[PDB]
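Read the figures in this text as sums done on the coordinates, not as results from a lab. All Cβ positions, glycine included, derive from the backbone under ideal geometry; neighbour counts span all protein chains shown.
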Amino acid sequence: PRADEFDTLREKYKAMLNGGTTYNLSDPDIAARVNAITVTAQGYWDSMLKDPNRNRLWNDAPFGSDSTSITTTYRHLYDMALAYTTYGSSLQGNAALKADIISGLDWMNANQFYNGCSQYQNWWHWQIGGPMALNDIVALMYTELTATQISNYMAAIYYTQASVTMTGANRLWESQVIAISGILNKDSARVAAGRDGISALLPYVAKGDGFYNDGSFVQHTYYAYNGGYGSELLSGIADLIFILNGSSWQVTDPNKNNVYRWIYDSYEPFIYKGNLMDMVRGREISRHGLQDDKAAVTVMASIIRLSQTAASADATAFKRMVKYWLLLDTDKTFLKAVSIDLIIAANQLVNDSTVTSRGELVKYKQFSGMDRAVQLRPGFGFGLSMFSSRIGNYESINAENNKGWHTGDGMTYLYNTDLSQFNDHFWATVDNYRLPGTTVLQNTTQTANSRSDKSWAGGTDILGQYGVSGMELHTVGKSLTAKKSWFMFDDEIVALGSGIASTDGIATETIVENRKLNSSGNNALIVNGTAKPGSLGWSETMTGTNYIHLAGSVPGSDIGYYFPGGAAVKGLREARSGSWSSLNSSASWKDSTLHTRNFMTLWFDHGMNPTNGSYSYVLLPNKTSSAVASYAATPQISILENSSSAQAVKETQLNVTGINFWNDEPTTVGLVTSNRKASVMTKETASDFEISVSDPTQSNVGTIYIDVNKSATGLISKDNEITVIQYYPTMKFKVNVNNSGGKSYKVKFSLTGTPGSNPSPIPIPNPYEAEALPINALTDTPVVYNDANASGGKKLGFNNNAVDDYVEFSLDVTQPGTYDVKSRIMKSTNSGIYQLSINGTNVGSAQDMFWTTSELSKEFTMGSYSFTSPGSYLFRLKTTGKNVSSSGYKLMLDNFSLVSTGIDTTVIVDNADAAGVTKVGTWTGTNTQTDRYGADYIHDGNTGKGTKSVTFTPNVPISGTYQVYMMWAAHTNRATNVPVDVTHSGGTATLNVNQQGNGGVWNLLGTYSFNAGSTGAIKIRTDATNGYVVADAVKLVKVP
Ligand SMILES: [Ca+2]
Ligand SMILES: [Ca+2]
Ligand SMILES: [Ca+2]
Ligand SMILES: [Ca+2]
Ligand SMILES: [Ca+2]
Ligand SMILES: [Ca+2]
Ligand SMILES: [Ca+2]
Ligand SMILES: [Ca+2]
Ligand SMILES: [Ca+2]
Ligand SMILES: [Cl-]
Ligand SMILES: [Cl-]
Ligand SMILES: [Cl-]
Ligand SMILES: [Cl-]
């Protein structure tokens, strides 16, 4: 404390920089690093400008106008300082080196970097790059410095980097710089400010920049970036936690535990055998020195750092996964890249037998927050790269990632034992016009940094192992559009496309494969069981293709391709040359060295201007040629449909079905019906049936109704937002997907046992409280106010400014029917004139909602509407004008009610009529009066009195009160005393009717309570009748 706690931290930090006071120099990995450190230092020492008159310290870092020279100079000084303090270095303790380092620092303090200096040009080098490197130098050289020197150097850093104010990675770097200077300058307040700076980076987010609960990381607002920015956040945070850990300024924020979760959720799934998946690395795929295997290193390092501070369970889990990856790293990618400290940590870990390798990871995971998906199975990994109206196609800024045009066009990455597939200059040689999985216009580009006008991107999953994803492609700046779906099971991936349409006048292509080959480029390509030529230059349009086998450059990397129904597949085996400069021509990364790599490219040609093109193929990784053939003969998958309406695949071994629904209309495929865009997956067993549902559009604020065409006995389990509607004879449920963020909702039904009870019918949830209705669209934000006179004690105050302003709600109409639509409006001196529409159809005329009279509220009848199917409906209220006495165009909406109408409840029974009439005795029909109802009527022929009867049994829709009418054929030969029974709820009534009068009209007999069903009857008897008895029709009319 005041010296020694700082001393302790400083020593801990220095040991991170140089590996510690002592270590095993017989460890060849350590030895190689020590040498590398020594050589580098000698390099910059040799090139250093050393004389009093100097104007810079190195020529490659001139001063005055480019602030990069600040960082460059201090990094050079750091390298020298490193060798100076590195145990085992032939330059360790070198006095001349020491003197040159220190003179360099004092020169910088006198000329370039000091408290009060001019911060010309680029801010970053003054506030972050420089201080960061200066901090490190001072850490190493501390004991060799005076207090006055340390004071000066720190005063400069406090000057350029005074407080934390920025966001994302800048904020992190602010925090590191501030924390480390604090430690070096023995300034507790400054260290605490450093510690506090990272808190704002810790919470999860649901939109915009940061980490998402689903594992996504987004940066630059719209880009999948776990491998880019998120990677550097993880690094700095894991380091700050490690340094501060145990100290007075240790990280206490409970959110710090999110950083440990990030590993399980945001990193582990994206590291395949030492390769950080390129689809989450954004623009960084264009950095030659930072290919996927190199990109993985910082994450592995961060995980090791996190294990040193993690709780027991996590530390164990972390060490196990890192060990796994290190054991795979036969060419020492990691060991040759990191500091001695990490070499020590890494080696200790692989030599520790109490830590066992984690092994192969097996899981499926949907990253809905960044339009990504990962399938990890035994033998392969599969990455899926999409974009939507939420996520940009790819990022290209500062002349980086220049050829990334199609990297988000539904691109597929297949990972296997060929660890180098996407490194070893994959990106600088591959034909970027034909990236795997994508559907594109041939040899074209696409505007960068753009989102599509399509929201359908995402998917759902089951058992945490099987998944289905989809993307409605619409190339930006092009007409090209397509529906692409992926179905990922135990050992196959099915890819389907349809609705492929373009008017761009260019041949349209879908890329099945574009694989990098061995150095010969001779990997055997076997097609329909027949070997093709293995020589470079090979090119064919292969028709009637059933299956293909491409042999892997390394055991475990064969790939099979099955083409359901056969396909015309174009093929090309060629050598390709290019340099990284094409992808990245920024100052830092420009590299023009040419490279030549070999590729096998397989694709579909949909031709020019397709109107409704399609494709289907099945990836069969890690299978022999004969196994591939074997699969083709008896496929374990069945494509149920592949159209623009839906795309569905069932794996018949697993009995897992995946379905993508493309339209917001009722749609049926397989056993499943959906009334909304949805991604759905089912798992069936002997004892149960499970369904997974998601809204990939992420913009449904209402419900999704699902039917499953199979009988269930009851419920086993369900997520919250599921509402079971029926078990038998068919499964019925709905999902409330408002604010879903594209996540998945699951329900599991029982198929055996004794049937339980079906759920009771779900009546219309009247009233629909405005204050609690999900809003689907609006022009002006409404506010809820409290009011004891309002339904639910709350009303919704519209703030509508002008004509055509609207608010559109989503209501769950749980029972199909024709309903009269009413709304309860609270009195307000500011009440406009509104027009209701439902689903784009106006209902009724516009209603002037203003009034001056006494009452606090009124019930407006907007009008009638027919809801043919149960589900969500959009009720829109549009400002159309205003009463002259109104303040403006606002409104105080309390609720909606849907009331039934005669259309639903009124019942008519004619004498014929095939159902509802049962006669007794012989009745005679005729057409002779036109006293109405139907063609004919019947009569008893004035004979067989007290023997005959006609019983009208109506089907009462809803229990309630019903007016009972009757019509008949009147004349003069009719009976005047026709006895009529009305059997209703509660008993039976009897009256006589005079049928020689009031014919042709509906005659009110009475008004009674009836139960829903057929327990009520209206009988006409003939007992004691003084004339002809006519039977025609009855009509029940509900009241009110
Ligand atoms: Ca700052
Ligand atoms: Ca490696
Ligand atoms: Ca299978
Ligand atoms: Ca065919
Ligand atoms: Ca979202
Ligand atoms: Ca407005
Ligand atoms: Ca209300
Ligand atoms: Ca009739
Ligand atoms: Ca009788
Ligand atoms: Cl010199
Ligand atoms: Cl130089
Ligand atoms: Cl940033
Ligand atoms: Cl409220």
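Below are the figures for this structure:
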quantity	calculated
Dipole magnitude of the chain about its Cα centre (Cβ charges: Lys, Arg +1; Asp, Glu -1), debye to nearest 20	840 debye
Per residue convex hull volume, Cα atoms of the stretch 245-389, in Å³	148 Å³
Over 23 Å (Cα to Cα) - which of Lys483/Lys732; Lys256/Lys718; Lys945/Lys1019 fall in this group	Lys483/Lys732; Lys256/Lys718
Neighbourhood net charge (14 Å Cβ-Cβ; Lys/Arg +1, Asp/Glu -1) for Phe661	-3
Charge sum, other residues only, whose C-beta stays under 11 Å from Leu620's C-beta, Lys/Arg counted +1 and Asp/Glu -1	-2
Pairs from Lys319/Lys623; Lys403/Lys623; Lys98/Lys294; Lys273/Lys683; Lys363/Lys650; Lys323/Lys743 whose Cα-Cα separation, in the structure shown, is over 21 Å	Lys319/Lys623; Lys403/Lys623; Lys98/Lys294; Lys273/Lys683; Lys323/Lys743
Cα-based helix-to-principal-axis angle, 188-197 vs the chain, degrees rounded to 10	40 degrees
Convex hull per residue volume in Å³, alpha carbons only, for the chain	246 Å³
Rounded to 10°, Cα long-axis angle of helix 168-184 versus longest principal axis of the chain	40 degrees
Per-peptide average of other Cβ atoms within 10 Å, ordering 544-550, 71-77 highest first	71-77, 544-550
Amide H partners (placed H, <5 Å) of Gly742, local residues excluded	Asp695, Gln698
Globularity ratio of the stretch 901-1040, using Cα Rg and 2.2 N^0.38 Å	0.98
In Å, descending, principal axis extents of the Cα set of the stretch 362-635	48, 44, 40
The stretch 97-114 - phi-based ³J(HN,Hα) in whole Hz, Karplus 6.51/-1.76/1.60, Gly and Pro as x	4, 3, 4, 5, 4, 5, 4, x, 4, 6, 5, 4, 5, 9, 10, 10, 10, 7
Test item: Cα-centred dipole of the stretch 901-1040, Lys/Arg +1 and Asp/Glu -1 on Cβ, debye	200 debye
Rounded D (µm²/s) - the stretch 190-316, Kirkwood Rh over Cα pairs, Stokes-Einstein at 20 °C, 1.002 mPa s	144 µm²/s
Exposure proxy ranking, count of Cβ atoms within 10 Å, fewest first, for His125, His288, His595	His595, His288, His125
Tilt relative to the chain, helix 340-351 - C-alpha long axis, 0 to 90 degrees, to 10	60 degrees
All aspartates and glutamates inside 13 Å of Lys516 as judged from Cα atoms, apart from same-chain residues fewer than 8 positions distant	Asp418, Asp424, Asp431, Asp558, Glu574
Cα radius of gyration and Dmax for the stretch 762-900 (Å)	14.0, 43
Rg and Dmax [Cα atoms of the stretch 226-269; Å; Rg one decimal, Dmax integer]	11.1, 35
Cut-off under 5 Å, modelled amide H: who pairs with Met411 long-range	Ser385
Square roots of five times the Cα gyration tensor eigenvalues for the stretch 1-361, Å	32, 24, 20
Reduced Cα scattering model of the stretch 799-877, Debye log10 I(q)/I(0), q = 0.11, 0.26 Å⁻¹	-0.32, -1.33
Spread of Cα-to-Cα distances over 5 Å intervals beginning at zero, given as percent, for the stretch 401-464	3, 13, 20, 23, 16, 13, 8, 3, 0
Eligible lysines near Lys882 by straight Cα distance, threshold 27 Å, same-chain separation 8 or greater	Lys794, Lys795, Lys822, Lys827, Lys858, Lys890
222 nm mean residue ellipticity, helices alone, for the chain (DSSP H n ≥ 4; -39,500 (n - 2.57); rounded to 500)	-6500 deg cm²/dmol
Ordering of 620-627, 132-139, 678-685 by burial proxy (mean other Cβ atoms within 10 Å per residue, highest first)	132-139, 678-685, 620-627
Rotationally averaged projected area of the stretch 636-761 (alpha carbon convex hull; nm²)	7.4 nm²
Peptide ranges 521-533, 394-406 listed from the most packed, as the mean C-beta count within 10 angstrom indicates	394-406, 521-533
